[PDB]
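This report refers to the structure that appears directly beneath it.
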Amino acid sequence: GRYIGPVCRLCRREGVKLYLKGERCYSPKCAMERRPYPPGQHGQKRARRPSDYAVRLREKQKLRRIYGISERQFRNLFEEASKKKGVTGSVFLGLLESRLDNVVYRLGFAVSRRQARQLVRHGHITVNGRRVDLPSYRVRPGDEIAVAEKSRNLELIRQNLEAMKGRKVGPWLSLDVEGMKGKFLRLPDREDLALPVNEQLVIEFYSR
Amino acid sequence: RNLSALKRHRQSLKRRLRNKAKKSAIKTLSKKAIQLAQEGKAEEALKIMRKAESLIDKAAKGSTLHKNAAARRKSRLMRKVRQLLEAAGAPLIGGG
Amino acid sequence: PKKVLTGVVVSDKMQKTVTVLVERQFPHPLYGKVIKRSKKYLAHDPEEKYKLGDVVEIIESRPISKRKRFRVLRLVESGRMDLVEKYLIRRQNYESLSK
Amino acid sequence: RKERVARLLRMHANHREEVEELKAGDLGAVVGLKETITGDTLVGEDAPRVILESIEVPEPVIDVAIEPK
Amino acid sequence: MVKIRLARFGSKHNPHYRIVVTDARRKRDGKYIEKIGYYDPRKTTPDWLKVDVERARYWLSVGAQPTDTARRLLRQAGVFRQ
RNA sequence: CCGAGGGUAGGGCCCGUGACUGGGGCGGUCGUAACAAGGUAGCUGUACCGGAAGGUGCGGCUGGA
RNA sequence: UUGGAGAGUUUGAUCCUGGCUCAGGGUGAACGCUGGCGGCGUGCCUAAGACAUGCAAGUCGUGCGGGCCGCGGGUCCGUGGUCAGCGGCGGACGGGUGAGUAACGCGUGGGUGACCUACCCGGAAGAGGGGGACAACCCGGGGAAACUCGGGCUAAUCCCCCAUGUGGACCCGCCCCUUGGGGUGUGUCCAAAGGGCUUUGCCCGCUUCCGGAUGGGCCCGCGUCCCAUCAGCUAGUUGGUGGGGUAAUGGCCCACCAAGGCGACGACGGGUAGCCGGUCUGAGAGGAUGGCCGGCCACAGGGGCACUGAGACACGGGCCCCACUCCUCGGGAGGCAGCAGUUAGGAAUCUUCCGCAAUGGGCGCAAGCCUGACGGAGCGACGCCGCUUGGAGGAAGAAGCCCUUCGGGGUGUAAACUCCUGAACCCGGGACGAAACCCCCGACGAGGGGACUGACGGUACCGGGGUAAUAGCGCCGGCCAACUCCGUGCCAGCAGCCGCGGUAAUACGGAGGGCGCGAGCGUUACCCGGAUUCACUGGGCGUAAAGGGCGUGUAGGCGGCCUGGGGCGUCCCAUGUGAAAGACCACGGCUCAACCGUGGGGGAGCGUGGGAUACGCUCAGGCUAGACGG
Ligand code: SF4
Ligand SMILES: [Mg+2]
Ligand SMILES: [Mg+2]
Ligand SMILES: [Mg+2]
Ligand SMILES: [Mg+2]
Ligand SMILES: [Mg+2]
Ligand SMILES: [Mg+2]
Ligand SMILES: [Mg+2]
Ligand SMILES: [Mg+2]
Ligand SMILES: [Mg+2]
Ligand SMILES: [Mg+2]
Ligand SMILES: [Mg+2]
Ligand SMILES: [Mg+2]
Ligand SMILES: [Mg+2]
Ligand SMILES: [Mg+2]
Ligand SMILES: [Mg+2]
Ligand SMILES: [Mg+2]
Ligand SMILES: [Mg+2]
Ligand SMILES: [Mg+2]
Ligand SMILES: [Mg+2]
Ligand SMILES: [Mg+2]
Ligand SMILES: [Mg+2]
Ligand SMILES: [Mg+2]
Ligand SMILES: [Mg+2]
Ligand SMILES: [Mg+2]
Ligand SMILES: [Mg+2]
Ligand SMILES: [Mg+2]
Ligand SMILES: [Mg+2]
Ligand SMILES: [Mg+2]
Ligand SMILES: [Mg+2]
Ligand SMILES: [Mg+2]
Ligand SMILES: [Mg+2]
Ligand SMILES: [Mg+2]
Ligand SMILES: [Mg+2]
Ligand SMILES: [Mg+2]
Ligand SMILES: [Mg+2]
Ligand SMILES: [Mg+2]
Ligand SMILES: [Mg+2]
Ligand SMILES: [Mg+2]
Ligand SMILES: [Mg+2]
Ligand SMILES: [Mg+2]
Ligand SMILES: [Mg+2]
Ligand SMILES: [Mg+2]
Ligand SMILES: [Mg+2]
Ligand SMILES: [Mg+2]
Ligand SMILES: [Mg+2]
Ligand SMILES: [Mg+2]
Ligand SMILES: [Mg+2]
Ligand SMILES: [Mg+2]
Ligand SMILES: [Mg+2]
Ligand SMILES: [Mg+2]
Ligand SMILES: [Mg+2]
Ligand SMILES: [Mg+2]
Ligand SMILES: [Mg+2]
Ligand SMILES: [Mg+2]
Ligand SMILES: [Mg+2]
Ligand SMILES: [Mg+2]
Ligand SMILES: [Mg+2]
Ligand SMILES: [Mg+2]
Ligand SMILES: [Mg+2]
Ligand SMILES: [Mg+2]
Ligand SMILES: [Mg+2]
Ligand SMILES: [Mg+2]
Ligand SMILES: [Mg+2]
Ligand SMILES: [Mg+2]
Ligand SMILES: [Mg+2]
Ligand SMILES: [Mg+2]
Ligand SMILES: [Mg+2]
Ligand SMILES: [Mg+2]
Ligand SMILES: [Mg+2]
Ligand SMILES: [Mg+2]
Ligand SMILES: [Mg+2]
Ligand SMILES: [Mg+2]
Ligand SMILES: [Mg+2]
Ligand SMILES: [Mg+2]
Ligand SMILES: [Mg+2]
Ligand SMILES: [Mg+2]
Ligand SMILES: [Mg+2]
Ligand SMILES: [Mg+2]
Ligand SMILES: [Mg+2]
Ligand SMILES: [Mg+2]
Ligand SMILES: [Mg+2]
Ligand SMILES: [Mg+2]
Ligand SMILES: [Mg+2]
Ligand SMILES: [Mg+2]
Ligand SMILES: [Mg+2]
Ligand SMILES: [Mg+2]
Ligand SMILES: [Mg+2]
Ligand SMILES: [Mg+2]
Ligand SMILES: [Mg+2]
Ligand SMILES: [Mg+2]
Ligand SMILES: [Mg+2]
Ligand SMILES: [Mg+2]
Ligand SMILES: [Mg+2]
Ligand SMILES: [Mg+2]
Ligand SMILES: [Mg+2]
Ligand SMILES: [Mg+2]
Ligand SMILES: [Mg+2]
Ligand SMILES: [Mg+2]
Ligand SMILES: [Mg+2]
Ligand SMILES: [Mg+2]
Ligand SMILES: [Mg+2]
Ligand SMILES: [Mg+2]
Ligand SMILES: [Mg+2]
Ligand SMILES: [Mg+2]
């Protein structure tokens, strides 16, 4: 299954705060603040000039590690993209983002995708009032991303729902708070989202 | 160590005997009838030819001769009997 | 339809049968270029009327013998002994492709 | 190594009797096995993978050389 | 004789027939003469039967006989109504 | 009559194997043919000779002077 | 216009040529180390070696007669079990395998005026009379078995004759039509079988003939591997006349006449191979492949053969030869390339399972019986797909370990620790797959209504409760993402190519660290790719590999300017074919996906008809710039 190990190190290698830890990421106690060099015995060693493969390799793990996902599943999504109409990179982020477990995080139901994935695998979420635990459920335009209403009386949805009364879910989402629901209205535009990811470097990688 | 297969085999032998039996007589008769046409013996030919003719179609009734078979047999018995008699005619009685 | 084909009589030295050589053309499936190829058909002449030179049409017909499966349809042209040489001079040439 | 135990036989004076089980403290012959050799412990699949006490004793006493002509 | 019967497709525990016309002595799921409409015995979607009743008549006329449960879904959508 | 095949006899192709022998490849002994005009320009087809490289005759080539 | 990346290694250095090598995708895989759950798939590639044992094809008492067991009562009749037997239909389907086959076997498009098709469905006619055989059972030999023999009685939808002739068949003739297609006239020739119930009629049956349907057989064009260090082949050979054979054309077979037939466009011969839909790879063109599934073929230990039949030269039918094996003196027995299983070979390949509940096949009127087809279950990371080993907080940062200029650095928010969730498990409920066949009203029809039936399965899923709960493998000189310390000292070893190891090795071994993948990671084998390195797309030959020593000429390929006819190539439109699964786009079912369902879009390619005429082709006239001549 998923990456599961020490997760700061991901960010320290990648030279970019990926906001994996969620609640802690903004603290001065994150690792990227105190030491933003790569993990392990050799980070404070004056880094060396990176090859093109490297550059696209690092760029790729970057995108991948963000959504916290198996290189298997990642590549297969990606393949779906190329064959699908029009702009590959965009449709990639699209399908990357049209996946459930990450939705739940976009809608702040949970702190991080990790925490989100748990929530989703646990039956604590439902699309359309049908209970759905598979973190790879590609959500399609029109879906009602409920919280399980028998999961409602639960300290942690509350806490996170509570810090979500009037922040802004991106242009494609619609958190009716209080009632625990929300909605998937639009597959993202490229501009719709900024991640520290050159959408193109990744296409150039899988071209080798 | 089983069957009604052997029952089938059992039967076929009984059947075989009969197909073979009728089949013989046809040839025997056709040949005989034909024979007479080479000497003719106009009357006697046809008489046998008749009997040949008949024993033919009769056998086509069952699994012995296909219709198209009996059809061929007569078709050739006939041509042969008429043509021989063409050498010294006198066709009487009837079968042509 | 009964395939009709057109060709020259190259052998009539048979008895109620004539050999009809048939060219066809088509493009090479890999190299585009048009190429000729050919085939000798044993052809039924029940009234022996066809002879050397006689470019004719023959038609797909029911079997008459082993390897006769066409009968001549209609005399189309006459005396093309240039084509007849064009085929003897090739045949003949064979006597020096041996060892 | 895993191994299928097809049939179980008791050997009598005159005939071979098939039997559907063989309890503890008893002897019989199992048909089906493929890799098992003598002095090899055998356990049901979902059980402690214990190895029975082996056996062990005498070293060979006489030695003879063989020449592959 | 020529027949109308259910030619299974789909997958394991997902029956998905395809009531069909084919020579009696084919494999169940082998080369058929004509497809005259499906059938989903599990009832998983609004269309768990659509006999081409235009076609399904033509056959019955010229010979074709049918399963004691071919006709079941042939009657069910009435190829028999007077 | 034909006929599985059996048998007699003589052939063709293939494969394996064989005392011994021929060179070929891979990992000390003799000389110094080639690379500098390489110490006789080199190479060449052929031919005869020579432990060996090679030498020599005749002709050719320059990719030599 | 949804499609195309390159690197390393020849020198002191360079450019070019050129080979080698690597990254990628794929698999019926196998091997190592490791391994938790589940879904769909999938699983003897080898010895088409040999097989123990069970099972895999039967059904009908509504075709007929019988031997035994009964049950209401007067050795009787009745009826239903029951074992055969005669008799029907099936057993030619379905299931297995790829040996043989380089072939009309297959693919694709056609031909049959050269043909067949049980059951099924339409339509027309008929079902009169008389006769007769064999099993069963009774009698009696032989055998230790297989099991057989001879004599004697017996039924029928079994067997034959006569009549009926709607009609069919054949000879001759004639009308049409053109290969044997349809009509007609005379002669001749041919049909049948009964059972059933509620009995002045319905139900299943049988006969001849016509048409349909589906299934076939045979024939033809075109496509289908390697060697020319295989170059010539051929006597049933090629053609003919007559005849046999068949459902039917044919040298299919036979007798005779003729002297032919085939071959560098590759005959003959040798090798290898079942083909296709498809699959994999590829930018494409192309290369490679044909296991699972669907279509055709071929085979049933090795051969040959025919019988019965609508259909077979018949996988679990028959005969005969051969090899092998088993049984206990005349002989008998066997054929898992059906399902499981065994044995052997092998790197390697599963349960002697469950059920006929579903779908489909056989038989019967029906109830029903039979089905190792099939529906499911088990085993296997073999493949793909989903899922878990947790989530939030948690130090200027514990211990141990690695490094160090000795100050510090790293593993590392990682751990401990707080808390939130709650895989497994525990209880409770619990399926869809199954509505027909049949019974009832109607009319045994249309419509209506009622009943029985679930292997998987107490499984999926639902509902309640509910424990922090497996991680491993490859790499870290360059290609190529990832670096230090010790050990070692051309040793031990690494290695795909360069090359690394001779005391300070980022290249061996261990450690800490790191990179990549993660129930997997690697390795070997092989296919396509990079290989534009067989070059059609898309290469080359002065010196790199590569111009024939030079002519003359055969076939072949190619071919100037003008006008015209044809329209073969070529272009265009129509139409048929191009099965299903697949692939592609859309939607939809399983919570998702894999898997799967429904619809859409079709193309090459070939048939058929119409059209165009520039280029090429052919034919017909003219030219003189090429060429030859004076
Ligand atoms: S906390 Fe800082 S270090 Fe840890 S993940 Fe969030 S961003 Fe990276
Ligand atoms: Mg709860
Ligand atoms: Mg790629
Ligand atoms: Mg006699
Ligand atoms: Mg017969
Ligand atoms: Mg008949
Ligand atoms: Mg002839
Ligand atoms: Mg002989
Ligand atoms: Mg012989
Ligand atoms: Mg013999
Ligand atoms: Mg030899
Ligand atoms: Mg020297
Ligand atoms: Mg010199
Ligand atoms: Mg010299
Ligand atoms: Mg020199
Ligand atoms: Mg010399
Ligand atoms: Mg000497
Ligand atoms: Mg000398
Ligand atoms: Mg000289
Ligand atoms: Mg020089
Ligand atoms: Mg590349
Ligand atoms: Mg080198
Ligand atoms: Mg050099
Ligand atoms: Mg060097
Ligand atoms: Mg190179
Ligand atoms: Mg590529
Ligand atoms: Mg393994
Ligand atoms: Mg299951
Ligand atoms: Mg399975
Ligand atoms: Mg096999
Ligand atoms: Mg294979
Ligand atoms: Mg046995
Ligand atoms: Mg009986
Ligand atoms: Mg039969
Ligand atoms: Mg084969
Ligand atoms: Mg051959
Ligand atoms: Mg062919
Ligand atoms: Mg063909
Ligand atoms: Mg029959
Ligand atoms: Mg009687
Ligand atoms: Mg009569
Ligand atoms: Mg002859
Ligand atoms: Mg003839
Ligand atoms: Mg004939
Ligand atoms: Mg012949
Ligand atoms: Mg003939
Ligand atoms: Mg002669
Ligand atoms: Mg040719
Ligand atoms: Mg061979
Ligand atoms: Mg083969
Ligand atoms: Mg290419
Ligand atoms: Mg197949
Ligand atoms: Mg055979
Ligand atoms: Mg055989
Ligand atoms: Mg065998
Ligand atoms: Mg045999
Ligand atoms: Mg059989
Ligand atoms: Mg047989
Ligand atoms: Mg056969
Ligand atoms: Mg068998
Ligand atoms: Mg088996
Ligand atoms: Mg072994
Ligand atoms: Mg096995
Ligand atoms: Mg299996
Ligand atoms: Mg059943
Ligand atoms: Mg049934
Ligand atoms: Mg069974
Ligand atoms: Mg699994
Ligand atoms: Mg997986
Ligand atoms: Mg400090
Ligand atoms: Mg520490
Ligand atoms: Mg410290
Ligand atoms: Mg943590
Ligand atoms: Mg709790
Ligand atoms: Mg049910
Ligand atoms: Mg009634
Ligand atoms: Mg329960
Ligand atoms: Mg629950
Ligand atoms: Mg823990
Ligand atoms: Mg690796
Ligand atoms: Mg790599
Ligand atoms: Mg590097
Ligand atoms: Mg030191
Ligand atoms: Mg040492
Ligand atoms: Mg190593
Ligand atoms: Mg060192
Ligand atoms: Mg050194
Ligand atoms: Mg090292
Ligand atoms: Mg290395
Ligand atoms: Mg290659
Ligand atoms: Mg290529
Ligand atoms: Mg090459
Ligand atoms: Mg080229
Ligand atoms: Mg080149
Ligand atoms: Mg040179
Ligand atoms: Mg020259
Ligand atoms: Mg020469
Ligand atoms: Mg010329
Ligand atoms: Mg011209
Ligand atoms: Mg020309
Ligand atoms: Mg045209
Ligand atoms: Mg298709
Ligand atoms: Mg869906
Ligand atoms: Mg479709
Ligand atoms: Mg002219």
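Chain A is numbered as in Swiss-Prot; the shown residues are, in order, 2-209.
Recorded method for this deposit: X-ray crystallography, 2.8 Å.
Cβ coordinates come from backbone N, Cα and C, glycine included.
Cβ contacts within 10 Å of A:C9 (Zn(2+) binding site), excluding its own Cβ and spanning all protein chains shown: 19. The Zn(2+) binding site annotation in Swiss-Prot covers A:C9, A:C12, A:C26, A:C31.
Counting residues per DSSP class in helix, strand and coil order gives 19 helix, 12 strand, 32 coil for the domain 'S4 RNA-binding' (A:99-161). Residues or ranges marked as domain 'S4 RNA-binding' by Swiss-Prot: A:99-161.
In the three-state DSSP assignment, the secondary structure recorded for A:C31 (Zn(2+) binding site) is coil. DSSP classifies A:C9 (Zn(2+) binding site) as helix under the three-state reduction. Taking a Cβ cut-off of under 6 Å from any atom of ligand 20, none of the binding-site residues A:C9, A:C12, A:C26, A:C31 qualifies. Taking each of the binding-site residues A:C12, A:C26, A:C31 in turn and counting other Cβ atoms within 10 Å of its Cβ gives the largest count for A:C12.
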